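Contents: one structure, followed by commentary.
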2 protein chains.
Amino acid sequence: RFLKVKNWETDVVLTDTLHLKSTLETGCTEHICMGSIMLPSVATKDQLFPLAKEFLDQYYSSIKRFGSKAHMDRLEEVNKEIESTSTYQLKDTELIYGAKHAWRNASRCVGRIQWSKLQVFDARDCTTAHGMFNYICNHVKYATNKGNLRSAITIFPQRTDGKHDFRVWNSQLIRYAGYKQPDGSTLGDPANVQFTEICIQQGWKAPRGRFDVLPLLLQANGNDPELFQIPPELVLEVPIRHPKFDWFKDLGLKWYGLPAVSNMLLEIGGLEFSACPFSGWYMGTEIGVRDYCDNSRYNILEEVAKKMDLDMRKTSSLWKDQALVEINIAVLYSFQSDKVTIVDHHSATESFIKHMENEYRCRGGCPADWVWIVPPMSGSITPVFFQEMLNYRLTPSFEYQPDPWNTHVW
Amino acid sequence: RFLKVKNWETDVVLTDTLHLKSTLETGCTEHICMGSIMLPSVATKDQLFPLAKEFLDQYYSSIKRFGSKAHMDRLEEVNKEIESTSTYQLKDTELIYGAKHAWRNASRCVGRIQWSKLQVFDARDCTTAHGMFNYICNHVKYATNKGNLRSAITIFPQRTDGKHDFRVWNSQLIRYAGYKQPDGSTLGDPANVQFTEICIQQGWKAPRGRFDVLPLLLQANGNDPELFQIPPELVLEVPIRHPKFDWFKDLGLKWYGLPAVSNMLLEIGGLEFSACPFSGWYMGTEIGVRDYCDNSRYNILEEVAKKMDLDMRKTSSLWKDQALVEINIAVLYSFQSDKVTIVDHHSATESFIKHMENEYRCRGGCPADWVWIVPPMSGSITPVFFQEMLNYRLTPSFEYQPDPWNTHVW
Ligand code: HEM
Ligand code: HEM
Ligand SMILES: CNCc1cccc(-c2cc(C)cc(N)n2)c1
Ligand SMILES: CNCc1cccc(-c2cc(C)cc(N)n2)c1
Ligand SMILES: C[C@H](O)[C@H](O)[C@H]1CNc2nc(N)[nH]c(=O)c2N1
Ligand SMILES: C[C@H](O)[C@H](O)[C@H]1CNc2nc(N)[nH]c(=O)c2N1
Ligand SMILES: [Zn+2]
């Protein structure tokens, strides 16, 4: 009941007991392993105080006042407000703790060494899609910090009944538009073409280029969402050059500095925050491997390998592999020559192993998803390839949620 | 109870019901996922007929004579021999079926599209370490076929009591020697230095170079094993050159053509074959990524990147990534210019997706381990990165077993 994870590059072993505190199910049974399925699958007051009890107990058991009366009066206070209103509200300190631990428990995140250094923006007083748009601009500006990126989350009012829900309809706050062409093909980002249509549907005026920043579709208190365009001076973008190849400029590629996921749900003490955009900084491979070279994304390996003049008749020339390394040299180089925060997959996996140690020491475990932790290129020349990870679901936590245009009573 | 796996590069879905036939446990519980732990953990007659029953039932239910009397008389025959001798013996046809399906059920193997085209060598009449050495040479020679590699397995007598056990002590039939140096460092293959010591211990006369083929340590009928050196004319080796870089020859690297794992256990109908060397042909990355660039293996990225004159001050130059692609271009090129069978990680992952279709159609499922199927470089520019796989344990099956120098009553 006190399981062991081994590292095979180092022969180092650690003991996981943190998984005893786990609660939610994983998809795996004693006779089936779902570790590579992407997404496996009102809340009453009878269930809401147990979750409120569990959260608050570890929150006072973090500030070395577990079991005190300051704890007990807080437990009694939440208990009775869960009688009165049936729901409850978190303290400022309980929200900052809960948010930082949702990140800390996010087993699919390799950059979690930074989990404590997070800036929480309490937007629970927000009421309008314009108020949402204000909070979100202030997040963008702060989290960007002139390229010296800082991580942050903005927490909008929690779900109450179920109809009245704050939702950022964008998947990330900043993404490039996606238009399918009359000739069947696709301009911009193909992942967003469904979204982009809903944007033009709500009256967006598309510039119809490659790297068009989408507007925000912000839904406030269950209301029909409204389009707002982040001021372009707030959207920091990096033009992508290669430090050897001058033809690389003519590829005319760029990316935005700020990775800010907006479509997930923040669970704290049984409360559900449907709108909780959180931002850090990019690991190089997300842009240079996935965004740029996924077949159903920008799919640029074709053209990069051309300009390198590569043996493209043969699958086995590793022409694909060769153009993939140059592209991530170009992402990295470009972001750093502009002083915009980016981390390479070597230094990020190293930090994660480093983070993983401290978690097994001063916490007794680190939930971790190998399928997601291993970078999508050069897997085994990074140290996380050789690290056995235990995946389990701790709380507070970030969760996926449905897209709102497929659930909203419109 | 009829689960679904999605592919996200193609939006294609398949339905797994084959997992209903699963039997063994995985390490994962409803609340913990062990998908990245490498190895999670006499047989009586009360348990041995159920396993014999299950096997034979699907074996006649493969040749469209399920439930017939030819089946029933075979079930009665095994039943009564399990009374008489308590164990039993497989027909030739039952051994070839059982062996091909152990391969077919091997969820960690990406080359399983070939599972049916397997050559079974019945060495169950073998009695001596010299007889083992003969069968194994005939396997090497056949499976190699002048470089036109053919896949094969040699099945030595099954475990009976437990003391009398046929074991190939080598991990693979052909591996390079491993000597640690007086200066702390290591020559050859560091993975084998423990083995190499046991070989010199049993009186091996080490040439003490880099690429020294080890001898065979073959244990027959539980006896203390004996050293035999495969005739070098039978060991086909590929010198590694690059199709651009002439300095690559001076690296003086080579590899052997035949991947032949010798240390696993073949379970068929509850019978355990402790010696069952099986061989195919290499996927390029095993040599060019793992063998050559694992830190605890040949660790050549250092020197390759030197000769390329690479920015090696910075982790973020992807100098490691860059020398890794050239090395697998050199493995591939060298093996094919010599007409020795090798497959590149692109064409092998494609075939596996291709194999995966047919399994879900004419069988209803394909046990598959994503952690192992995804090649250890360029993961997401191959199609298996985007394929959800269900891992589960079907039988017949290949299993790991202890090393014999850590279990043998010597
Ligand atoms: C310090 C900078 C950060 C880095 C370098 C980083 C790194 C990464 C990477 C590479 C991924 C994989 C994304 C993908 O493959 O689609 C990821 C996912 C994730 N990150 Fe982190 N991240 C950072 C900050 C944050 C913050 C600030 C939060 C939350 C407050 C967070 C929570 C998550 C979660 C929940 C996921 C998984 C979401 C999903 O399953 O799609 N990360 N991160
Ligand atoms: C057709 C040529 C074959 C190819 C291209 C191939 C490919 C591979 C690869 C790349 C691996 C991963 C090895 C590692 O990472 O250490 C593997 C493992 C494995 N292969 Fe296949 N293989 C072939 C033939 C065979 C045969 C003939 C058998 C059995 C009769 C087999 C059964 C297995 C098993 C059981 C494993 C996993 C063993 C372990 O967990 O260490 N394969 N294969
Ligand atoms: C399924 N995609 C989720 C997703 C998509 C895109 C980016 C991220 C991300 C988020 C943060 C905070 C940091 C980072 N380096 N990347 C996450
Ligand atoms: C834990 N290592 C197992 C291992 C190590 C080395 C090679 C293989 C292998 C075996 C076969 C038959 C084909 C292939 N392409 N590779 C398997
Ligand atoms: C810790 C981790 O499970 C370990 O590195 C695994 C990961 N996947 C692998 N995949 C293959 N094909 N071969 C391996 O040796 C490994 N090693
Ligand atoms: C099918 C498979 O689970 C899917 O491709 C996963 C694999 N691992 C991943 N890992 C990361 N970091 N991001 C991803 O989108 C994925 N996709
Ligand atoms: Zn699992």
Side-chain angles (χ1 to χ4, degrees), chain A residues 3 5-6 8-9 19 22-38 284 289-290 293-296 301 315-318 320-322 324-326 328-329 332-333 336 343-344 346-347 368-371 374-381 385 387-393, chain B residues 3 5-6 8-9 19 22-38 284 289-290 293-296 301 315-318 320-322 324-326 328-329 332-333 336 343-344 346-347 368-371 374-381 385 387-393:
Chain A
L3 306 153
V5 299
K6 196 195 175 184
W8 303 80
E9 202 207 318
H19 71 277
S22 172
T23 163
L24 230 168
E25 286 166 310
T26 62
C28 302
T29 69
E30 288 94 322
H31 322 75
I32 202 168
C33 177
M34 296 219 160
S36 67
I37 321 304
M38 281 211 43
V289 188
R290 305 303 306 290
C293 298
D294 275 21
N295 256 341
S296 349
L301 273 166
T315 153
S316 19
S317 56
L318 303 200
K320 267 187 191 167
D321 308 62
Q322 214 153 22
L324 181 77
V325 171
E326 305 292 357
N328 293 264
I329 295 183
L332 290 176
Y333 176 74
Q336 301 148 340
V343 79
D344 70 66
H346 300 279
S347 186
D369 185 332
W370 195 104
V371 177
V374 180
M377 74 182 279
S378 308
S380 54
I381 70 177
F385 180 92
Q387 182 64 59
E388 296 175 6
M389 303 159 197
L390 270 181
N391 203 11
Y392 48 85
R393 307 242 275 180
Chain B
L3 306 153
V5 299
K6 196 195 175 184
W8 303 80
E9 202 207 318
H19 71 277
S22 172
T23 163
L24 230 168
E25 286 166 310
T26 62
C28 302
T29 69
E30 288 94 322
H31 322 75
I32 202 168
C33 177
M34 296 219 160
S36 67
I37 321 304
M38 281 211 43
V289 188
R290 305 303 306 290
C293 298
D294 275 21
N295 256 341
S296 349
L301 273 166
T315 153
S316 19
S317 56
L318 303 200
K320 267 187 191 167
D321 308 62
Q322 214 153 22
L324 181 77
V325 171
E326 305 292 357
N328 293 264
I329 295 183
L332 290 176
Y333 176 74
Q336 301 148 340
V343 79
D344 70 66
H346 300 279
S347 186
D369 185 332
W370 195 104
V371 177
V374 180
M377 74 182 279
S378 308
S380 54
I381 70 177
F385 180 92
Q387 182 64 59
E388 296 175 6
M389 303 159 197
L390 270 181
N391 203 11
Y392 48 85
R393 307 242 275 180

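Proteins get letters first, then strands, A, B, ... in listed order; numbering begins at 1 in each. Computed from heavy atoms alone, side chains included, the values below leave out hydrogens, waters and symmetry copies.
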Note to self: Please evaluate residues B:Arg290 and A:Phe385 with respect to the criterion side-chain contact (heavy atoms from CB on, under 4.5 Å), reporting the C-alpha separation (whole Å), side-chain torsions for both, the decisive distance (0.1 Å), and the verdict.
What the structure shows: CA-CA 11 Å; B:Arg290 305 303 306 290; A:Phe385 180 92; 3.7 Å; yes
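- Contact tally against chain A (heavy-atom pairs below 4.5 Å) for B:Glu30, B:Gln387, B:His31: the top residue is B:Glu30.
- No other option in B:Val289, B:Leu332, B:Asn328 has as many heavy-atom pairs under 4.5 Å with chain A as B:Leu332.
- Looking at heavy atoms from C-beta onward, A:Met377 lies out of side-chain contact with B:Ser380 at the 4.5 angstrom threshold.
- Taking chain A as the reference chain and counting heavy-atom pairs below 4.5 Å, the highest number among B:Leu3, B:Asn295, B:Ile37 is found for B:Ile37.
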Next item on the list: Show the numbers, then the answer: is there a side-chain hydrogen bond (donor to acceptor under 3.5 Å, both in side chains) between A:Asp344 and B:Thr315?
Entry: CA-CA 8 Å; A:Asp344 70 66; B:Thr315 153; 3.2 Å; yes
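- Looking at B:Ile32 and A:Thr26, their side chains never come closer than 4.5 Å, going by heavy atoms from C-beta outward.
- Heavy-atom pairs under 4.5 Å with chain B were tallied for A:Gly35, A:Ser316, A:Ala368, A:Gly379; the largest tally goes to A:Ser316.
- Side-chain contact between B:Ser378 and A:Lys320: absent, with no pair of heavy atoms (C-beta onward) separated by less than 4.5 Å.
- At a 4.5 Å heavy-atom cutoff, the contact between B:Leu24 and chain A is made by backbone atoms alone.
- Heavy-atom pairs under 4.5 Å with chain B peak, among A:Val325, A:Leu324, A:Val374, A:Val343, at A:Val325.
- Counting heavy atoms from C-beta outward, A:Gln322 and B:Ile329 have side chains that approach closer than 4.5 Å.
- Of the atoms belonging to B:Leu390, heavy atoms from both backbone and side chain fall under 4.5 Å from chain A.
- Put simply, the side chain of B:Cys33 does not reach to within 4.5 Å of the side chain of A:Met34, judged on heavy atoms.
- Per-residue heavy-atom pair counts under 4.5 Å with chain B were compared for A:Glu326, A:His19, A:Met38, and the maximum is reached by A:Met38.
- Comparing B:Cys293, B:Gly27, B:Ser317 by heavy-atom pairs within less than 4.5 Å of chain A, the highest count is held by B:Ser317.
- Smallest separation of non-hydrogen atoms from B:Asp321 and A:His346: OD1-NE2, 2.6 Å.
- Between chain A and the options B:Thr23, B:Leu301, B:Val5, B:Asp294, the largest number of non-hydrogen pairs under 4.5 Å is found for B:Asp294.
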